[PDB]
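**Q** could you work out the structure for the sequence below:
(2 chains, ligands or ions: 4)
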Amino acid sequence: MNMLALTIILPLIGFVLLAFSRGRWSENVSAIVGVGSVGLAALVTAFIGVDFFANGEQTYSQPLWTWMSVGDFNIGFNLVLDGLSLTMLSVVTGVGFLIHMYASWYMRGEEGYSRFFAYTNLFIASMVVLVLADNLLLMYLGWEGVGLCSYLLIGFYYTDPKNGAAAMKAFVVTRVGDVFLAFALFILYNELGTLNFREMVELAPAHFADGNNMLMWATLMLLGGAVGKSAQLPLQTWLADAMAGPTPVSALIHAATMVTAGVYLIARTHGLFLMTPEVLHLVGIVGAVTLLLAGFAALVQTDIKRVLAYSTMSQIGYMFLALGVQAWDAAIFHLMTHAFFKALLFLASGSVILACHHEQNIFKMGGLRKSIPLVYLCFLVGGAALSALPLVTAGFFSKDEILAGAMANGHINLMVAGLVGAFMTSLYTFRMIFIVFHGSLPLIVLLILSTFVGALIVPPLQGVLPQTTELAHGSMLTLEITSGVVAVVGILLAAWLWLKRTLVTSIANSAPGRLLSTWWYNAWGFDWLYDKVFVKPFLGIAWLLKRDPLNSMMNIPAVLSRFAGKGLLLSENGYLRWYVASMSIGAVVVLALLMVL
Amino acid sequence: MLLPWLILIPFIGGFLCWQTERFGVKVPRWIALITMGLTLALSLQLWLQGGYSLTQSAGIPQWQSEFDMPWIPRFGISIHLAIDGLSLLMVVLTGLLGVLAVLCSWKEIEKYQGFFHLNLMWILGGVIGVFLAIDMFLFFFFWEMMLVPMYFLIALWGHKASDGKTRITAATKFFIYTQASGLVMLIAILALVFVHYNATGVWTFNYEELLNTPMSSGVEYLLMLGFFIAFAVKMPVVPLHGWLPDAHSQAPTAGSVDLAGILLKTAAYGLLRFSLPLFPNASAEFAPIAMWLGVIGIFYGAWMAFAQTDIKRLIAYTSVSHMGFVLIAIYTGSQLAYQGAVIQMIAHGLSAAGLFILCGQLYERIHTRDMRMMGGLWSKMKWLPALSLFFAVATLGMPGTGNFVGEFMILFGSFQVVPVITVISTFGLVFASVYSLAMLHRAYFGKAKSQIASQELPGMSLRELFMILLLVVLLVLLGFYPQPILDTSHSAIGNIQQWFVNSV
Ligand SMILES: CCCCCCCCCCCCCCCCCC(=O)OC[C@H](COP(=O)(O)OCCN)OC(=O)CCCCCCCCCCCCCCCCC
Ligand SMILES: CCCCCCCCCCCCCCCCCC(=O)OC[C@H](COP(=O)(O)OCCN)OC(=O)CCCCCCCCCCCCCCCCC
Ligand SMILES: CCCCCCCCCCCCCCCCCC(=O)OC[C@H](COP(=O)(O)OCCN)OC(=O)CCCCCCCCCCCCCCCCC
Ligand SMILES: CCCCCCCCCCCCCCCCCC(=O)OC[C@H](COP(=O)(O)OCCN)OC(=O)CCCCCCCCCCCCCCCCC
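**A** Residues are numbered from 1 along each chain as shown, chains lettered A, B, ... in the order given. Ligands and ions are numbered 1, 2, ... in the order given. Find the structure here:
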């Protein structure tokens, strides 16, 4: 059960071996090394979970060494595992193994096969370190690792400059989030003297009995890091533009590892967030606003992958809303189910991209059910889990617990935002589905897991996360009824507009309608705003400074010396009479100076 | 006892490299490797026998070793060497960088290669002498005698593609900057010695006796300012930096000169060893100015690095930004930030050494430093773009490399002392990520922007590959296990910190 270090080391070994292989090995050997390392991590995770459940679900600690020891600054290299760490580790390892298998089938004949698998293995290793760390600095190591691996994998096809631009954009935005997280770490060490999660939770109420300002600052910066990595407000543009990379990269980023890191960080630091309730309600507000903007953008998108990206942003906003309403179990359960159906949706989208053999627009497609029915079924079940089809799919149950947690705590604005977001999700999901489709062992595995079979899995968060307040059974019944009615109404209504298109073209041609559609197509103008206030002044200051003005201003005395020497050399004209005259002038000056003192 | 031989072995090795030039052209590289390996192994021996991890702070002075021999008794001047944990880390770094410099110029088979080796070991012995001397005149003597070999090889052995006038201009700029600042430091040293002689009545240049010098507030400020002007030219601190990119760009093509002379941070050592214990009150009043100069250095060096089309100038401005971080660290008065500054000095030496070696190799293969003439080099080279990716990843301060340990320990201590400066510096870390990714995209990614970038390039030799991988392994070990380095320099850093905060 002491093989948590094994779950770190095995993807690290895979990354190191495949990186030093440098493409010389065969495709089968590279696939064996990468997928086998990730699958071995998954199997060790399975055995760890079995023994964890065998011992009554007790938190286990595995220290390795002391990372830093400078006086009172003691940072340890220690892993910890509880129910939340087990759930995140199981999700990361299993979904990453399925994505690794599909990528092994999908990347055949591509350049950089072993480089791709080395980068994904380092991605898995970094996220395992992120979820297994017992202190914030080791979690920051994992955080920076997943940021670097996402940069390396988004710009995988490095010859296309758009891919590199998207990767650089994602890395810079995530690094801004990581700087916010670093601020949180500095605050928490300066106040509590430690960065261990359990020790910080234990020492926070005693230290912050008088003033709670620095803890609120630390939790606000923790949320800043979380929205940096989970692609929320106000750092959400990178997920929109990260479609330049390949499809298993998108599946790993959206389902397995990258976007779940902020949700895990908020869930793991839940004691500090509960000590600052205003910041926790701000987490809920951020999630609600982000899912609203993501749904409204997802309806007006033009490509399949952009719709999937904004759907990922919407469900991460749902998880942030669930964390803000203290529905921690609902948030983690929705994390697992969303990992399942979003990985399935990305796999089916990659299959239909390979079938179309081009980056074709969705408006040309139609009547593909008679050619590729299995991909249609996978897309349909992934959308039904996405759009919360009642009593058939796990996403309906996860969103039901999220809405029950929102109702039971006494937040009305977040409740109605979640309801209209479920409506919006149904509209954009079946818009995409009926626009494209009208007019494989991993695929079976996450097709099964995108049904109630995936809802049967209960996350063991009893000892680690606090239980959600119980809604009344009658209120739960009406909430389930109205959630099913909202989802069915959205499905039927979107099927009504997007089955010829007559009413959609009315708003799709009117000037306020064109203005709203183009405003929601440009990520609500956040890309333009960030280009205007951050990127363009950076380029302007760089162009202004490119000639090194401080070097010239320090070179000014050399210019003065050259000018003074050239001026002084004019008195050396070579005339003897002027030399005698200068001697007499100097005699006059010396005599006058001696007389005036 | 073994420190006089620590300074003398590079000098005799370079002298013999010049003397046995007659026996062959490929002879003096082996002698150079032998003497740099001897200095490195002797430093490793004195580290292993030092027992610095079991040393407690017992005030200043406290040396592992010391030695005194009267040289100019008229002024009370003696060859006075000493060593403790911080200076030992600096001399071990000097030996490792000198070995790398010798390995870097291995294939330079020229008629006057023996004189280049003699100049290189004069430089290395001078850096070691600055790191070991505790007589003020003698320390200044080494501080200024590092200059002449460095000037002569920049002016004569420098970047061959540029004209000789450009190399001569860069060498003269570097010499004038550092020698004028050294003369200002000499003025401060002489004034301190005369003030102590007026207070007591004995001639001394000993650092341990000049510590208890009763001075008025304002004279101590001026002495501190002279020391700081020398240590700020060599740090580099803005705006006294431009000699550094012009000297890196006109350094010899191999890259050995960047390793031997520049990438050793004697100015940070001088600020820790001399500016803080001799003038603690003046350093305490000067701290906000130095911290804001460090912030300006961080952001200005980042913006300058992004603006370059030359890779070498980009790496030089990166060094400027990192040393802005170190300058913020030194004036905090914080033990955690001081230890972070030591780690950052070592990690910057290793990472900038790797960057400069890789840039020299890339210039050897593509014959240009212009980043608008290269692109898509990931598909053309076997090892260079990935190792450059590693060293640019370490450059931005990625955890798992020693730069992260140094930068973040600096920022932890600084946030305990100065929070706003720490916040601005972490956004400087964002800027570091921006320029590192810009260099990676402009050099190795995209499409080929010229004809030389469209051709398959030869793979690196095994010696350069192995020394780059040694730097990689040392950086990774520093990032994951910095504890031996912290235990080595805990006592000296603790004594300097206690003397600095128990005097103000
Ligand atoms: C720790 C758990 C996770 C926590 C988060 C950690 C995040 C920080 C990690 C820091 C390490 C650096 C990360 C980025 C390295 C990228 C290297 C790379 O691109 O490797 C791929 C490349 C092969 O690519 P390919 O295109 O096939 O070949 C090129 C020519 N054909 O490969 C090559 O060309 C060859 C290999 C190049 C260098 C590989 C990486 C070296 C550094 C790591 C290992 C160092 C040594 C470790 C052992 C020390 C001694 C015990
Ligand atoms: C998130 C990273 C997880 C860790 C794995 C990879 C880390 C980087 C690998 C290279 C650098 C290793 C540096 C640390 C080595 C161990 C340091 C140490 O102190 O070991 C002693 C410790 C037992 O002594 P203990 O009592 O715990 O110490 C207290 C005071 N002495 O000894 C032990 O407890 C034994 C520890 C064994 C560790 C084995 C690691 C094998 C790693 C294989 C893959 C390497 C990948 C390298 C590149 C990674 C990305 C940059
Ligand atoms: C062709 C080119 C060359 C020619 C043109 C360029 C000019 C060259 C000459 C420049 C230098 C001019 C002289 C500077 C020193 C002035 C000394 C002075 O006025 O001292 C007064 C006072 C002395 O101390 P006092 O208070 O009397 O002590 C007894 C009781 N306490 O002092 C004090 O009390 C302390 C005063 C401290 C501030 C004055 C010194 C400013 C130094 C500025 C440069 C350094 C700035 C910091 C670092 C920047 C970044 C590197
Ligand atoms: C352009 C490059 C070269 C730099 C410029 C040239 C040097 C400028 C130095 C300016 C010095 C101004 C001194 C002002 C007061 C002089 C008269 C006086 O009242 O002196 C007081 C004191 C003598 O009285 P005493 O009883 O001995 O006091 C003991 C306490 N020290 O006096 C003393 O004790 C001795 C005071 C010595 C003060 C330090 C002198 C050197 C300081 C370092 C160099 C200058 C500052 C840095 C560079 C500035 C910018 C270029």
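**Q** what does chain B put close to ligand 3?
**A** Residues of chain B lying close to ligand 3 by Cβ under 6 Å from any ligand atom are B:216-219, B:221-222, B:225, B:228-229, B:232, B:237, B:240, B:293. Bear in mind the C-beta positions are built from the backbone N, C-alpha and C, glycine included.
**Q** hang on, I meant chain A
**A** A:557, A:560, A:561.
**Q** go again using 8 Å as the cut-off
**A** A:557, A:560, A:561, A:564 (Cβ under 8 Å from any ligand atom).
**Q** which of these fall within helices?
**A** Among those, the members found in helices (DSSP state H) are A:557, A:560, A:561, A:564.
**Q** need those in a markdown table (columns: neighbour count and distance to ligand 2).
**A** A markdown table is the format used below for these (neighbours: other Cβ atoms under 10 Å in any protein chain shown; distance: Cβ to the nearest ligand atom, whole Å):
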| residue | neighbour count | distance to ligand 2 |
| --- | --- | --- |
| A:557 | 11 | 47 |
| A:560 | 10 | 52 |
| A:561 | 10 | 51 |
| A:564 | 10 | 57 |
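**Q** that older thread, ok, which pair from the residues of chain B next to ligand 3 is furthest apart?
**A** Pairwise distances across the residues of chain B next to ligand 3 peak at 27.8 Å for B:216 and B:240 (criterion: Cβ to Cβ).
**Q** and these two? Which one has more around it.
**A** Between residue B:216 and residue B:240, residue B:240 has the larger neighbour count (other Cβ atoms under 10 Å in any protein chain shown), namely 20 against 8.
**Q** and the nearest residue to that one once chain neighbours are set aside, how many neighbours does it have?
**A** Nearest non-adjacent residue to residue B:240, counting by Cβ to Cβ, 6 or more residues apart in numbering or on different chains: residue B:233, 4.8 Å away. Residue B:233 is flanked by 24 other residues according to other Cβ under 10 Å.
**Q** from residue B:152, how far out is residue B:233?
**A** Shown here: residue B:233 relative to residue B:152, a distance of 20 Å by Cβ to Cβ, to the nearest Å.
**Q** again, but for residue B:131
**A** 22 Å.
**Q** kindly report the same for residue B:457.
**A** Distance, residue B:457 to residue B:152, by Cβ to Cβ: 33 Å.
**Q** next, the residue in the stretch 351-500 of chain A positioned nearest to ligand 2: secondary structure please.
**A** In the stretch 351-500 of chain A, the residue that lies nearest ligand 2 is residue A:464 (21.9 Å; Cβ to the nearest ligand atom). At residue A:464 the chain is in coil, as set by DSSP: H, G, I helix; E, B strand; the rest coil.
**Q** neighbours around it, how many?
**A** Per other Cβ under 10 Å, the neighbour tally for residue A:464 reads 20.
**Q** state the distance from it to ligand 1.
**A** According to Cβ to the nearest ligand atom, to the nearest Å, residue A:464 and ligand 1 sit 23 Å apart.
**Q** do the same with residue B:370
**A** Going from residue B:370 to ligand 1 by Cβ to the nearest ligand atom gives 23 Å.
**Q** phi and psi next, for that residue.
**A** For residue B:370, the backbone dihedrals are phi -80, psi 120 (criterion: degrees, to the nearest 10).
**Q** can you name the residues that contact residue B:468?
**A** By Cβ atoms under 8 Å, 6 or more residues apart in numbering or on different chains, residue B:468 lies in contact with B:354, B:357, B:358, B:383, B:387, B:460.
**Q** name the element the first one belongs to?
**A** Per DSSP states H and E: residue B:354 is located in helix B:335-366.
**Q** how about that helix and ligand 1, touching?
**A** No - contact of helix B:335-366 with ligand 1 (Cβ under 8 Å from any ligand atom) is absent, the minimum separation being 11.0 Å.
**Q** which residues are contacting whatever helix or strand comes next after that helix?
**A** For helix B:335-366, the succeeding helix or strand toward the C-terminus, using DSSP H and E, is helix B:384-395. By Cβ under 8 Å, 6+ apart, the residues outside helix B:384-395 that reach it are A:19, A:22, A:148, B:318, B:347, B:351, B:354-355, B:358, B:361-362, B:365, B:377-378, B:401-403, B:432, B:436-437, B:439-440, B:443-444, B:460, B:468-469, B:472, B:475.
**Q** so which residue of chain A comes closest to chain B?
**A** Ranked by Cβ to the nearest Cβ, the top residue of chain A for proximity to chain B is residue A:551, at 3.1 Å.
**Q** I'd say that residue and residue B:239 touch.
**A** Yes - the pair residue A:551 and residue B:239 passes the contact test of Cβ atoms under 8 Å, sitting 7.2 Å apart.
**Q** helix, strand, or coil at the residue of chain B most remote from its centre?
**A** If you look at how far each residue of chain B sits from its centre, by Cα atoms, centre = their mean, the farthest one is residue B:201, at 37.7 Å. At residue B:201 the chain is in coil, as set by three-state DSSP.
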